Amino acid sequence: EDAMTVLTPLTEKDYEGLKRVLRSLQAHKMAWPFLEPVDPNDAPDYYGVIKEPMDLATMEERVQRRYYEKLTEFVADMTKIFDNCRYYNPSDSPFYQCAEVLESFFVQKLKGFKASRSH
(Lines of atoms letter the chains of each structure in order from A and count residues from 1; the text may use other names and numbers.)
(Lines give C-alpha, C1' and ligand atoms only; values in the text may rest on other atoms or scores of the structure.)
Protein backbone atom coordinates (compact mmCIF):
# COMPACT_ATOMS: atom_id res chain seq x y z
CA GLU A 1 0.00 0.00 0.00
CA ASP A 2 1.20 3.55 -0.73
CA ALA A 3 1.75 6.28 1.89
CA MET A 4 -1.68 7.89 1.55
CA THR A 5 -3.47 4.55 2.28
CA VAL A 6 -1.43 3.87 5.36
CA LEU A 7 -0.98 7.40 6.88
CA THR A 8 -3.73 9.82 5.72
CA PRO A 9 -6.53 9.99 8.35
CA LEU A 10 -9.97 9.22 7.05
CA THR A 11 -12.02 12.43 6.60
CA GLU A 12 -15.82 12.80 6.51
CA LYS A 13 -15.69 12.82 2.67
CA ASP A 14 -13.58 9.63 2.77
CA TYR A 15 -16.34 8.06 4.98
CA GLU A 16 -19.03 8.82 2.38
CA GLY A 17 -16.90 6.85 -0.15
CA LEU A 18 -16.40 3.90 2.24
CA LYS A 19 -20.20 3.71 2.72
CA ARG A 20 -20.69 3.56 -1.06
CA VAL A 21 -18.02 0.80 -1.45
CA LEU A 22 -19.61 -1.28 1.31
CA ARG A 23 -23.15 -0.93 -0.15
CA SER A 24 -21.82 -2.05 -3.58
CA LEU A 25 -20.45 -5.25 -2.04
CA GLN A 26 -23.65 -5.90 -0.02
CA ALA A 27 -25.68 -5.66 -3.34
CA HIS A 28 -23.44 -8.08 -5.33
CA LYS A 29 -25.06 -11.42 -6.34
CA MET A 30 -22.16 -13.48 -4.85
CA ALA A 31 -22.15 -11.66 -1.46
CA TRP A 32 -24.82 -13.88 0.18
CA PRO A 33 -22.36 -16.03 2.26
CA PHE A 34 -20.75 -12.88 3.78
CA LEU A 35 -23.68 -10.57 4.64
CA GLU A 36 -24.04 -11.76 8.28
CA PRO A 37 -21.92 -13.73 10.80
CA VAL A 38 -21.51 -17.48 10.08
CA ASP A 39 -24.33 -19.46 11.80
CA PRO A 40 -22.73 -22.09 14.07
CA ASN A 41 -25.82 -24.39 13.67
CA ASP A 42 -24.79 -24.63 9.95
CA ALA A 43 -21.04 -25.07 10.64
CA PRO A 44 -20.49 -26.46 14.22
CA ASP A 45 -16.64 -26.33 14.05
CA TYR A 46 -16.32 -22.87 12.40
CA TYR A 47 -15.60 -20.83 15.60
CA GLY A 48 -13.02 -23.37 16.82
CA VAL A 49 -10.84 -23.00 13.69
CA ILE A 50 -11.37 -19.32 12.66
CA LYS A 51 -9.89 -17.16 15.39
CA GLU A 52 -10.96 -13.67 14.05
CA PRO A 53 -14.35 -13.97 12.22
CA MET A 54 -15.58 -11.06 10.09
CA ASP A 55 -18.71 -10.25 7.98
CA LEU A 56 -20.17 -7.31 6.08
CA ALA A 57 -22.80 -6.40 8.78
CA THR A 58 -20.00 -6.12 11.39
CA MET A 59 -18.13 -3.82 8.95
CA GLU A 60 -21.30 -1.69 8.43
CA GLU A 61 -21.63 -1.23 12.24
CA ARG A 62 -17.94 -0.22 12.40
CA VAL A 63 -18.32 2.29 9.50
CA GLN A 64 -21.42 3.89 11.16
CA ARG A 65 -19.51 4.25 14.46
CA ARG A 66 -16.39 5.72 12.73
CA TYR A 67 -14.23 2.80 14.01
CA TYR A 68 -11.66 3.08 11.20
CA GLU A 69 -8.93 5.81 11.40
CA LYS A 70 -6.94 4.80 8.28
CA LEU A 71 -7.86 3.12 4.96
CA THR A 72 -5.45 0.26 5.71
CA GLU A 73 -7.62 -0.78 8.71
CA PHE A 74 -10.80 -0.97 6.52
CA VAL A 75 -8.93 -3.00 3.88
CA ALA A 76 -7.63 -5.38 6.58
CA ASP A 77 -11.19 -6.19 7.87
CA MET A 78 -12.43 -6.78 4.30
CA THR A 79 -9.45 -9.03 3.46
CA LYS A 80 -10.16 -11.09 6.62
CA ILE A 81 -13.61 -11.98 5.21
CA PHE A 82 -12.04 -13.52 2.09
CA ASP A 83 -8.99 -15.11 3.75
CA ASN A 84 -11.15 -16.76 6.47
CA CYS A 85 -13.36 -18.25 3.74
CA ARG A 86 -10.45 -19.64 1.67
CA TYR A 87 -8.89 -21.25 4.80
CA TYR A 88 -12.10 -22.84 6.11
CA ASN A 89 -13.53 -24.17 2.81
CA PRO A 90 -11.94 -26.38 0.10
CA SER A 91 -10.94 -24.82 -3.24
CA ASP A 92 -13.81 -26.56 -5.13
CA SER A 93 -16.65 -25.37 -2.84
CA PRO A 94 -19.13 -22.65 -3.97
CA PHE A 95 -18.18 -20.60 -0.85
CA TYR A 96 -14.54 -20.45 -2.02
CA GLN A 97 -15.69 -19.43 -5.52
CA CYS A 98 -17.78 -16.56 -4.06
CA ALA A 99 -14.70 -15.27 -2.21
CA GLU A 100 -12.67 -15.24 -5.48
CA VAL A 101 -15.37 -13.24 -7.32
CA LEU A 102 -16.18 -10.79 -4.58
CA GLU A 103 -12.51 -10.04 -3.75
CA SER A 104 -11.86 -9.15 -7.45
CA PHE A 105 -14.91 -6.81 -7.33
CA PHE A 106 -13.66 -5.22 -4.07
CA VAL A 107 -10.23 -4.50 -5.65
CA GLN A 108 -11.97 -2.75 -8.62
CA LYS A 109 -14.03 -0.55 -6.29
CA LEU A 110 -11.08 0.14 -3.93
CA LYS A 111 -8.95 1.39 -6.87
CA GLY A 112 -11.85 3.75 -7.82
CA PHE A 113 -12.04 5.06 -4.21
CA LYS A 114 -8.26 5.65 -3.99
CA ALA A 115 -8.29 7.60 -7.30
CA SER A 116 -11.14 9.84 -6.08
CA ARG A 117 -9.29 10.75 -2.84
CA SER A 118 -6.29 12.31 -4.64
CA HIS A 119 -8.08 14.07 -7.55
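Whichever C-alpha set is largest while still superposing within 1.5 Å between the two forms counts as the rigid core. Heads up: residue numbers just count along the shown sequence, starting at 1.
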item: Between stretches 59 to 67 and 38 to 46, more displaced by Cα RMS in 9 other deposited structures of this protein (rigid core superposition); value: 38 to 46
item: Which of 80 to 88 and 44 to 52 has higher mean CA B factor, as the PDB entry lists it; value: 44 to 52
item: 60 to 68 set against 34 to 42, stretch whose average Cα temperature factor tops the other in the entry; value: 34 to 42
item: Third of the chain, ranked by Cα B-factor, where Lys19 sits; value: middle
item: Lowest, middle or highest third - CA B-factor, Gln108; value: lowest
